[PDB]
Amino acid sequence: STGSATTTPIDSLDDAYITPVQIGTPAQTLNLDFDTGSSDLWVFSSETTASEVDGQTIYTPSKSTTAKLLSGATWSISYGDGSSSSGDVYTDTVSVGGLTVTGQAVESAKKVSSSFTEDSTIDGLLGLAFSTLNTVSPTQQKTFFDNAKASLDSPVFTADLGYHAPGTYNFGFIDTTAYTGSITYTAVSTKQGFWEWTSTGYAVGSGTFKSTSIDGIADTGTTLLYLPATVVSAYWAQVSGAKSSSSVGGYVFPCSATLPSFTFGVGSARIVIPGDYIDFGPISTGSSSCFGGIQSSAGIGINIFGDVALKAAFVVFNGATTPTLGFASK
């Protein structure tokens, strides 16, 4: 089997991407944030504290003939940005782009933090990291991908995120028309539960490539590119007037600037992030200070190849017995 679904930016900055997901019988379609940095499929629901729901579409398990309470199971998750959610668990039928999993754990939120409430466009998350990170207790649950894997034509999924445009998540096949040149594969460590890999270096604009190992994670659920302070300083030094602002929370730059590209290495291959991908617009409405899309990972504890990086590539998440990651230009 295979599946193919379009993923759409939630706003004009590509802050996140939503993908329609069918849950239950008859189908209830919710728009979920596919997150290769976590491993819980959770939804706003009829159980979510009413004051914490503001415009989201909810899953109502009592209206699904295939929903079953997973008795005694609870979940609770905290994300890198400080947001969180928790609740109980149902199993139900879940379909993405025509690919169906029966008995998928659907984590129903009883509580969500303010950042989730305030984002009316995201109805929940669909985790695509390794199932070892799943938070369900006392019986850990499998991700949608892990459940689908055996049935797929090939044990892979691909992320093809758009810049200010829709893109695609495919399951079970590699669309050879969706990228240019060849796909370069690189080793993955699953030790921390992430799609963790080592970039071979970087360049800023038309500058020379610096060969240096940068361990980080491929994370579709993180907006920006978070890299070591040395790398990030080298980038922003090429933008007149750019500075790190403790009050704003990162590097800002004059909105009048033209940003240089940023290149990262994948083995001997190179992925080029155009400068425009690094512009996240005014820090507040009407400001002439703009927020940068490349930020320091110092004090996160991990480097994160988030959407800024991933949307410059066609990315293969190869879930074979020994997982790997592939990157192609597009």
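Residues 90-419, in that order, are what chain A shows, numbered as in Swiss-Prot.
According to its header, this structure was worked out by X-ray crystallography, 1.1 Å.
Placed from the backbone N, Cα and C atoms, the Cβ positions cover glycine too.
Taken from Swiss-Prot as is:
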- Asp124: active site (ACT_SITE)
- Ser288: active site (ACT_SITE)
- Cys344-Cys379: disulfide bond (DISULFID)
- 106-417: domain 'Peptidase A1' (DOMAIN)
Set of same-chain residues at least 6 away whose C-beta sits under 8 angstroms from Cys379 (disulfide bond): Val341, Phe342, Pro343, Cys344, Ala346, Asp368, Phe369, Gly370, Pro371, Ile372
Euclidean distance between Cα atoms of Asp124 (active site) and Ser288 (active site), Å: 20
Surrounding CB atoms that lie within 10 Å of the CB of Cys344 (disulfide bond), all protein chains: 15
Under 8 Å by Cβ from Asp124 (active site), counting only residues of that chain that are 6 or more apart: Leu214, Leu215, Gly216, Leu217, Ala218, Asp308, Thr309, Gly310
Other C-beta atoms that fall within 10 angstroms of the C-beta of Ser288 (active site): 22
